[PDB]
Amino acid sequence: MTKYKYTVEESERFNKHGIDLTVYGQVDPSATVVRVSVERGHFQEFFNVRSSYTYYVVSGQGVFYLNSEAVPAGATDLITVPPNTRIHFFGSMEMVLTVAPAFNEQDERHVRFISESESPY
Ligand SMILES: O=c1ccn([C@@H]2O[C@H](CO)[C@@H](O)[C@H]2O)c(=O)[nH]1
């Protein structure tokens, strides 16, 4: 009766600002968990007024820019970002992303686009 398991095969997969997102389709007000694959960067800076963003780095290496501060990231690191923090990042990484409470695009604000040449990856 209750669906507990979600697969990649049945997920929604799309590119957003240079990252490949896997959105599984589960609904839970307390948190959203998605996969993020990135080859060079997330070429847009945004913030979320409600939700914290927590990235677990499965593999690879990159750099987060959090309110313009560089934060290097590598495999097995956890990057925790409070609400109302400007975010972008560069890197070649596979990550698991938690947005808590649940992701709502109406909570997000566009700051600026980032030139693809700005990524050193
Ligand atoms: O469920 C989610 C979680 C994050 N993002 C997007 O992922 C990027 C940051 O990893 C941002 O563009 C953010 O809007 C989504 O589209 N959906």
# chains A, B, ... in the order shown; residues from 1 in each chain; ligands from 1

$ residues_around --residues "residue 6 in chain A" --least-positions-apart "5" --cutoff "10 Å" --atoms "only C-alpha atoms" --output "ChimeraX atom specification"
/A:11,23-26

$ select_by_dssp --residues "range 16-87 of chain A" --states "strand (DSSP E)" --output "ChimeraX atom specification"
/A:16,19-23,32-38,41-48,52-66,69-74,78-81,87

$ closest_residue --among "A:37, A:2, A:22, A:51" --to "residue 82 in chain A" --atoms "only C-alpha atoms"
A:51

$ residues_near_ligand --ligand "ligand 1" --cutoff "6 Å" --atoms "only C-alpha atoms and all ligand atoms" --output "list in words"
residues 16, 32, 34 and 103 of chain A

$ atom_distance --atom1 "CA of residue 79 in chain A" --atom2 "CA of residue 118 in chain A"
21.1 Å

$ atom_distance --atom1 "CA of residue 113 in chain A" --atom2 "CA of residue 98 in chain A"
23.0 Å

$ closest_residue --among "A:83, A:120, A:18, A:74" --to "residue 41 in chain A" --atoms "only C-alpha atoms"
A:18
